[PDB]
Each structure stands twice: as C-alpha cells, then as structure tokens.
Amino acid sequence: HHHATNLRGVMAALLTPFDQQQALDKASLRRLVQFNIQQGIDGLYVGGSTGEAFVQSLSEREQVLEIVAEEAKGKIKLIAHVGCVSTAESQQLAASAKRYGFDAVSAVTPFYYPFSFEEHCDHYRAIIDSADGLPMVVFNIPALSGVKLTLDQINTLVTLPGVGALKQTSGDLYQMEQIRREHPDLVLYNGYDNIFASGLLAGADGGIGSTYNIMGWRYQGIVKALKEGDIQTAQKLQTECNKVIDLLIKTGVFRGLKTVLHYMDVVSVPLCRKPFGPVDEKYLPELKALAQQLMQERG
C-alpha cells in the first residue's frame, strides 16, 4: 500500500453538468474542473456516484474522462470511476482511463444482481488488469449498492494485487478504525461528508466527497486543524459543513450542489438527468444565499 501513498488527500467527487436537453454540457464541465483546481483541491474523482455515472452511456462517461484529463492532468490527482455492473464494460472504461493519463481507477462493488464474494474479487482483478498499471481504489457504498461486505472480505479486496486505496462510503467508524488497524499504509478515503472529522479521527487519511465541489477548502481546513490538534476549529468547520449538508439533503444533494454552482457562475443549467427532477423553486432563495455566503468565504 506504500507505493500508492501519493493518492492520499481530499478529492472532489466531480459532478457531471448537463445542458437544457440533458446532453453533456462540456463548457460547464471544463469550468467546474477549473473551479475545483482554483479551490486548492488535491484531486478529482470523476464519473462516480456523484457524477451520475449510472444514467450515462459508456461513450458519455469516456467523453467526460477525456475532457477532465485535458483540463487537469498534471495539475491535480485524477481518479477515474470506471465501475459498471458489467465487468467487460468496467474494463472498457478502465482502458480509456489509462489512455487519457489518469492516476488511478475506481469501481463500485457491482450492484443489482447478487454476486458471491469470489465473483466480486474476480471483477476487481479483471478491471485492475485492464487499468494496466493504474492503481485501483475499491469503492464501498453499502447504502446504495446493497453489497454487505464483512471486514475479512474488505481485507481481502484491499490486498488484491494493484489495489492502492479504499473509498469507504460507510458511517460505521468502528469498521473504519478496524480497516486502518489491519492496513496501516492503506489510503483510506472518508466517503460521507457529514462525518468527515470523525472519520479522520477513526483512521481515514483523506476523503472523496460531493460537497467538496462547493466548499472543498473546509474539508482541507479540517485536515489541517486535526493535524495541529486544534479540535475546536475542526468541529466548527464540521458543523458548518453539516449546516450546508442539512440543506442539500432537503433539496436533493446533486441538484442542490449544481444549483449553488449555477449561482457561482460555473454551471449553466443545474439539472440532473431524469428521473431526477428539478430543484423545488421554494429552495432557490436558500441556495442563492449559500452561493453568496461561500463566494464571500472563498477558497
């Protein structure tokens, strides 16, 4: 796990902007990439859950990977989420990620159909081979995937040849500590933004998160505060993050984030893809106020 240590840090789970006809909005994607770099983010996690991967075609997901690499390769770290239910499809996205010069690939535990643990392990093996050298970030998100891995099973996955990190989207901070205890050198990303400070204390050494797109500097502020033993500042920043998260949960998180970014002059049209609907108009005053607040706070 030592080789992949340059993957440690705070990485935004990049949103995929759409135009009014729900096609990819390439100009807004480019601006959002640049907006994240200018915030001082360590990297981008592209085509993930937050990226609305599972309502895009492989072709569209590739177009997005290619554009992000064009804008950001060499400036920040780049992780391509290549995960599909199909292994073969995941491998195609892995090969493309390699071609575009990504630093690493990532795959959600394949979902919908129940698979045996061995079948999961072979899935990751195959994607790792297609990534042809790019390390794998295993992506565990039980609340959405329906896949319920034991600690022993997680231990096996994260020690597969070519695995360099775990994106742990789980609120179980006992397990977060257990994972850190077993794997002292493992890059371990906290996946739920609303427990970030507590996840770091448990053992996570960074994070990948949707809300980083609009306030990534706060999460970097929590990392700094904890490393300096400034517990009060860490808690205060986490409380501010959670105030925002409360609102985003009310509005719908991806579309709420897109709407803030629209008022921040980044995203032209803040729609998610159907069957996601639009933000309820009653929330616009609150979201506008948040965009104003954050713009004044700055990166």
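Residue positions are given as counts along the sequence shown, with the first one as 1.
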- prompt: According to the deposited model, is the average Cα temperature factor higher in 70-78 or in 199-207?
  reply: 70-78
query: Taking the recorded C-alpha temperature factors, which stretch has the higher mean, 216-224 or 119-127?
result: 216-224
- request: Name the residue from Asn242, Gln56, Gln34, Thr50 with the greatest C-alpha temperature factor listed in the entry.
  value: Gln34
- prompt: Among the modelled residues of its chain, does the C-alpha B-factor of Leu287 lie in the lowest, middle or highest third?
  reply: highest
query: Split the chain's modelled residues into thirds by Cα B-factor; is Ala27 in the lowest, middle or highest one?
result: middle
message: Looking at the temperature factor on the CA atom of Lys98, which third of the chain's modelled residues does it land in?
response: middle
statement: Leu149: CA B-factor among chain residues, third -> highest
field: Third of the chain, ranked by Cα B-factor, where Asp193 sits
entry: lowest
